[PDB]
Amino acid sequence: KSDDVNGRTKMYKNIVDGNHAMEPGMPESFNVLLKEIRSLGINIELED
Amino acid sequence: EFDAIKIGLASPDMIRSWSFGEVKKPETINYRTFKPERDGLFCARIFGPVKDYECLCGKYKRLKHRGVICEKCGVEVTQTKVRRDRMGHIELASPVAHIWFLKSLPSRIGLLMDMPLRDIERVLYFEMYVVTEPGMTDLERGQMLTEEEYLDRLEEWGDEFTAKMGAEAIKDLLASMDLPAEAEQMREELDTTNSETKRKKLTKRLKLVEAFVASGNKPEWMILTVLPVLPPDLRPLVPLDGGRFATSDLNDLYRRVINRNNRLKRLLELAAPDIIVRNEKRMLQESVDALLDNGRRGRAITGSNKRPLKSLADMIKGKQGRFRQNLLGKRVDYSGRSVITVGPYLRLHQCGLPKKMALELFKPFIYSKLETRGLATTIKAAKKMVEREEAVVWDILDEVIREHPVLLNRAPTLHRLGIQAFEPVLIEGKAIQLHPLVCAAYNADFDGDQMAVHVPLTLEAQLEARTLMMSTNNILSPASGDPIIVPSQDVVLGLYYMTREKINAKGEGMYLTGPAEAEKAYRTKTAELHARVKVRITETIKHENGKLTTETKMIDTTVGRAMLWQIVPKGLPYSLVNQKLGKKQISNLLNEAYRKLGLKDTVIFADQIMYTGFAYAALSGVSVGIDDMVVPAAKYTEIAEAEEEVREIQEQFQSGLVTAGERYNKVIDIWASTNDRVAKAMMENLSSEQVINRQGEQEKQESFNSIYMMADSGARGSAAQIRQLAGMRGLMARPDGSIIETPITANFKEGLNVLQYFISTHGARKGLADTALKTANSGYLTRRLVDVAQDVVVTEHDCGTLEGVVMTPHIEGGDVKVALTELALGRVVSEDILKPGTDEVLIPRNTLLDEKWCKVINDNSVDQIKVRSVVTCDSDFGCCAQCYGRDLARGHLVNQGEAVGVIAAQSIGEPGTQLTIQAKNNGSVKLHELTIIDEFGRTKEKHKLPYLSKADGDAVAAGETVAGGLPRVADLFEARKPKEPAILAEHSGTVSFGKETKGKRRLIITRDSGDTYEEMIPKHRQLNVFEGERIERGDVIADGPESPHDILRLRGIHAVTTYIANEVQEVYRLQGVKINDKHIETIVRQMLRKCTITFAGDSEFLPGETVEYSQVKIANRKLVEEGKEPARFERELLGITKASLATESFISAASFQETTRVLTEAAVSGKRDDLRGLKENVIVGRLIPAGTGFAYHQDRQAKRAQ
Amino acid sequence: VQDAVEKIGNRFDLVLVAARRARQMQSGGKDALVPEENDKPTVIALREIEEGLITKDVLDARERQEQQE
DNA sequence: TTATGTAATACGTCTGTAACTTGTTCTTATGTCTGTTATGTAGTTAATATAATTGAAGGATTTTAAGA
Ligand SMILES: [Mg+2]
Ligand SMILES: [Zn+2]
Ligand SMILES: [Zn+2]
């Protein structure tokens, strides 16, 4: 509903298709957070 | 996709690896073509194309050339969104120190090289040299040389030594350090040291060195040689309307850095004086620190508009920072807002939603249904049909909203009842219609309030709204367990009026077949609402075991009482209705209905109660008039008497018989007495009337005055307000706090004069401003509680612990403050409850104490019990179901996955705005203190014993003489030290005096082993101990407030838990707020989470290190399994703030507050976050490991196990 | 929804089971085991759970049977 | 009875329509080369002159490192 760019378009399409299911992803605000922390010269990353 | 977030230092190679190019020029965009320049801050070759699948020169301009780098310009043909991801880098001419690792105290650089910060800044600011390589010379590493001294020792030695100046010198010192050798040196010296201060210093330094060697970081990485550059779309330069351009301050900061770097590179080619190059290096350092954190080094640089430029740290941190403004909270789609009106026709599960709002909110659903049932061929057809507002669109909207719940919210959301799910009913208008019975949960009044509406989209959200958040499910307050849907105002007034009793009303003495004939008599004007009649009532009782007994009898009642009985569900006694029904009576009706019938019957009964109350309050015709405010005739005479006596005491003062202070005090006393007497007279005149009965004499009857009925029913108003209306206003306070002598001798009926109104304003302003500030104080307290207790979730069913807490009724004098039934309702028994004086097991272990067992305990006169609590649970993470017990909002055992911590924090924080020896019983006397116990065996009087009519065990008869609210809670939850604390006996032993050293005194104690322990006591201390006395541990030496830390250290966990609970509940109960103690115990458990190791043992723990208690418990269990010496620890009480900031997760700590310190420490230590709590999963958009998502996370914990 | 939580025991597990049933009825071609009575899939799933026809074990068994076929 | 001659009827079939396909021929849109003008960059000036700068303001509490 706020900042998952692909997820919100997918949600709109699914509602139009009458499916009512979502595929959540990563919010864009968290990516911005990571980019600024890296710009502060600190290695922040996601482990698998 | 990912399971953890790692943080650590950034090496130059890593920063280069992140980058897609090197920014060489401060250029941004062209002044004519508005296109990015090459090698600038917005370069398309470094950061990506400006247009989707296009290149700057425009030769490759389609998806056919995807992934092809154009040879003429160099722009990769790809999507524009890569400009939000691609970074750049700047190769700095000279190294620059990182501001966070230098000026965030304690300085990691300074701690690492063991030099004072001022020295390091002197080297950095290019003032003094430092030796890097000493060589075969008497000079040592890190010693300072001034310019003159550097010259003399350069002539003396020459190239044997190396001395440098600036960030380069610090970099060489950091690179030349041999970390393992230094660590061994500190370890050995610590093994052979005595001073405690030097112990702390080398402990921190060794911790830093060990963290560096373990994390894999290199110290020289704290000095930047290459500077990363943020993606352009995160610092955009965009055209505004009117042709103006809007930019971010990061552009200016980066431009300054690049300009100074280029100037330094130019000055090192046109070989320049050392002074100029030194100044330029100073510029470069200042610019980099300004870009990273503006204002920390010194004067913050400002823009052309004369306010400080916003740096990256400002983007990251604060109330406006990314964590709290965009990650922990967001603006959401499918949301609306409107003014709220009242719907008296609604059911408890219904809310009135305007049609236009529903059309806007449910637009995709309407499009879907129009496409499905065929009236819209495409999506623009559906859009046009919705815009034109055709009828079939309205039927489709009805069908979509038919059973789709919506979420209603009102700010501030103090507790979870501030958001609830309702079934929408489409209404014509623009205002949301709200059910009255939920207003108390929302704190909503219809004077301009606005509410927000949210539409849950997926099926899971809809079922969560229907099952968890729906208004019918949330009718019990989670803070106390009481009903929260209790009727108020007109409902109470109507139920009160209909159930009142009148003498010689029309139709008195009539015999009625049942409630139906009472209704028939009232509707036919045969009998009044308040006629005393005899009615045949059929009453069914449902017992505790489920027995249903039905029986009929004739009862003397009132017509209104039977008419109200008509709506009462079967299973309830008729005595609940056969009385005048105030607010308490209706609340008791609803509570009994829930306790004996369930939920559905309760909601139906509540709806019918509210309908009936509204109807009969409308029918009553209750109105306020100037004649309803009867001023007693005794008020004038009482005022005259008080004035005459004040004249007499003024005469006495003029004679010198009494002083000024005495005169003031007793004048205050006489005016207080006059106010009380006038209030009593006005109440007595207002509360009664004389009527003529059937036999013809005069009888006393309770009054039907409108104001009296308003006050007595509990609808609106209390005795103070009627006193102000028809009695006296009383003494009022000067703004400093003093109480003016002359009161206001006028009420609001005759009106005040100018000075009386001025004194009134004095206090009115104080009240309003106090409310304004206290709201913010309470909000900050609630925030702090939420972050400390956020990680507590019910993770297990039984922990298998035998520990428990001892619970007894609370006694603070000669009367009980709260019974044990209230304290024990909903808690699981820990130790078997034996009957007093008997060995029979009345109650087995692991049993939930519901109402029936509470009545059993009350009947069998049990004083002390043992129950499980959250603090004593042994679960590694969270708590278990048994240690928590009943969840108050639902009435059953707490389910797995309930966020009990958030519930506790909200429960404690919500009431914050409302915040600001003769025996009297018969029994025996016991000495411990003094206790007076009734014959039944219950301790009913607890009294202090300062250092007596009856000795121990002697029976005493009645009458025998044996002889600031919110700040307090906030100070208690942070475990503050009192300004003048109580001095407490450190060890058990015999006291002895000592040498009265000048300044302050010393004392000694001799222990059982003969060792002497010395204590440092100030002069002004009224010592209680006497020499030759063996004082126990936990005894008071100097009277005063008790520090919770001392209580925990010297008494135990249970003592500090009891202390905190008792004081916070004293504060809460003073103002009439009821909060269960399990919430407070959850908070206290979160206070007890860290331990300092006193005996290192063999586990990887250093002495004097504050570590997590669960980690130590797991390590000790492992070592016991291995048969190795376990660690010895002391537990610490930490304040909610300090406990929150010391969490294992650095994401939660950084999002709480003090982001700079948390990030710096985590980066240096190489911390790893496992995303175990609620806030971390909220930030990364994942399901929270609580409630519906709980199971999901458990599955992952299985997958990582395999 | 007191009957449903009594039949399941936990509100969250009930929500999960009802969500699975509703997705089966909406996204999939599965038909309701109780009269629809012009109700949405979530409410019909709740009604089926209250009647005892749908549990987590029943859904898992049906999924296993579908996988076998 | 049997030749004869008309008549129904079924099958080839000659021709008229139409589909598939290429030549080629003309027209136009585009890419490229070239010439001219405006833009952008850079270097130089020689009475003598030689430690900013501008504000800004009734905060109230805690905790934690430096100095002695
Ligand atoms: Mg209001
Ligand atoms: Zn190109
Ligand atoms: Zn437990």
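Atom set for the values below is all heavy atoms of this structure, side chains included, hydrogens, waters and symmetry mates excluded. Throughout, a chain's letter reflects where its sequence line sits, starting with A, and its residues are numbered from 1.
- Looking at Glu986(B) and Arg1049(B), a side-chain N of the basic residue comes within less than 4.0 Å of a carboxylate O on the acidic one, giving a salt bridge.
- In this entry the base of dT39(D) is anti relative to its sugar, with a glycosidic angle more than 90° from 0.
- With a 5.5 Å centre cut-off and a 30° plane cut-off, the bases of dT50(D) and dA51(D) come out unstacked.
- Here salt bridge (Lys or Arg N to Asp or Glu O under 4.0 Å) pairs that include residues 98-119 of chain B, with residues two or more places apart or in two chains, number zero.
- Using a 90° window around 0 for the glycosidic torsion, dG16(D) falls outside it and is classed as anti.
- For residues 60-69 of chain B, the side chain to side chain donor-acceptor pair (under 3.5 Å) pairs, not counting sequence neighbours, are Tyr60(B)-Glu71(B).
- Within the structure, side chain to side chain donor-acceptor pair (under 3.5 Å) contacts touching residues 769-781 of chain B (residues at least two apart or in different chains) do not occur.
- Pairs of Watson-Crick or G-U wobble type, with distances under 3.5 Å, never assemble into runs of 3 or more in DNA chain D.
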Base, backbone or nothing for each nucleotide of nucleotides 59-68 of chain D, written B, S, -, heavy atoms under 4.0 angstrom, 5' to 3'?
-> ---SSS--S-

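- The distance from atom CG of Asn279(B) to atom P of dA51(D) is 17 Å, rounded to the nearest whole Å.
- A glycosidic torsion no more than 90° from 0 defines the syn conformation, and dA51(D) adopts it.
- If you look at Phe1152(B) and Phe1146(B), their ring centroids are not closer than 6.0 Å.
- Here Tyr254(B) pairs with nothing under the ring-ring contact (aromatic ring centres under 6.0 Å, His included) rule; sequence neighbours left out.
- Remark: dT37(D) and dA38(D) stack on each other (six-membered ring centres under 5.5 Å, interplanar angle under 30°).
- Using a 30° and 60° split on the angle between ring planes, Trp100(B) and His98(B) fall in the tilted class, from 30° to 60°.
- Partner of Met1087(B) under the side chain to side chain contact (heavy atoms under 4.5 Å, CB included) criterion, chosen from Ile1060(B), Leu1134(B), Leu1048(B): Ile1060(B).
- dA38(D) has a negative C1'-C2'-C3'-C4' torsion, placing its sugar in the south range.
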